[PDB]
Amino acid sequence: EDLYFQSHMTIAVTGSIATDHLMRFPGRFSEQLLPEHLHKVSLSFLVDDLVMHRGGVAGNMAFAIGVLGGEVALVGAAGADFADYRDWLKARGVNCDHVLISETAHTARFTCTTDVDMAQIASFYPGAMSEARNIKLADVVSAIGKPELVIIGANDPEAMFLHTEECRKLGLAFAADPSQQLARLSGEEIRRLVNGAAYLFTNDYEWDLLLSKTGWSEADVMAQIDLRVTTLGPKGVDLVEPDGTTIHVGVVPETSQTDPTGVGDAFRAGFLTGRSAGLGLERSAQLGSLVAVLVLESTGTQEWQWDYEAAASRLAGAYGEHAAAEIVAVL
């Protein structure tokens, strides 16, 4: 029981802050993935495009929460070059006071290749991100009060656990969002991020990867968390309670599949923004699905716009008049 004052009602977003280099491969990754050679791949894709955008899961989620009008603090480590990115985030209402700025290291670099089917293969060079393990959430809480929720996104692997442990001892609700780091984290490292999570967010691949590396069954997981949120690509999202009562919400139909980078981050930000404003699970995932498709339809993770009227109309089209009115009212 933490007796310190409530930040009311700020979301703290912890996780990576990066520059993304996004490229396109005009072919199919799967077609190149021979099942008998997956033991030791040798893959090289000639790309026809390369563009740079602001990124990092925490930058992406903070940006979207800010666009949607939420109170949000970004907590992560960046290089000295961060001043410009800070102005871009501040322009959408993001509190960047608690970003650790490295004296020596460079802002992290994401290099990603997307194929015609929206599959993606990418590397992430941490640089200054590794110093996130030096950030104390206690000092953040000291300054702005207790957040209603701390998001634990992909980050310096040690930082992900330290931040989670801090949430546990400070009694802060947290969302486990290890998605992007599941490949790097050992089963032991994944297991210690999960217990007591208000939300666990992944896509279905990541859900299978998590269970595969943790050695856990779905039951083992549901006993430790308040809610599992599993995005299903073109099949929408499952929201599962520990019982588990399952709410399913289908996608907002896309007009293009441009670039899927940051789609999960956007869903999570919209959904959590919905939850913060007292919408239920179904309505929150409907709002999330909209921000998600807006990212899918643009190149880069923070290159989407928010038109209130366009939003209501689209929400109406996919979910009906009730959903659209309840959602738009909350914002």
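Residue numbers run from 1 along the displayed sequence.
Across the two stretches, 259 to 267 and 277 to 285, the PDB entry reports the greater mean Cα temperature factor for 277 to 285. Checked against the record, the higher mean CA B factor of 32 to 40 and 298 to 306 lies with 32 to 40. Considering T245, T107, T202, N95 together, the PDB entry gives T245 the largest C-alpha B factor. Per the deposited coordinates, the residue with the largest Cα temperature factor out of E165, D177, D117, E131 is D117. When all modelled residues of the chain are sorted by CA temperature factor, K213 is found within the highest third.
For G250, the recorded CA temperature factor ranks within the highest third of the chain's modelled residues. In the PDB entry, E206 places in the highest third of its chain by CA B-factor. Sort the modelled residues of the chain by CA B factor and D220 lands in the highest third. When the modelled residues of the chain are ordered by C-alpha B-factor, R192 sits in the lowest third.
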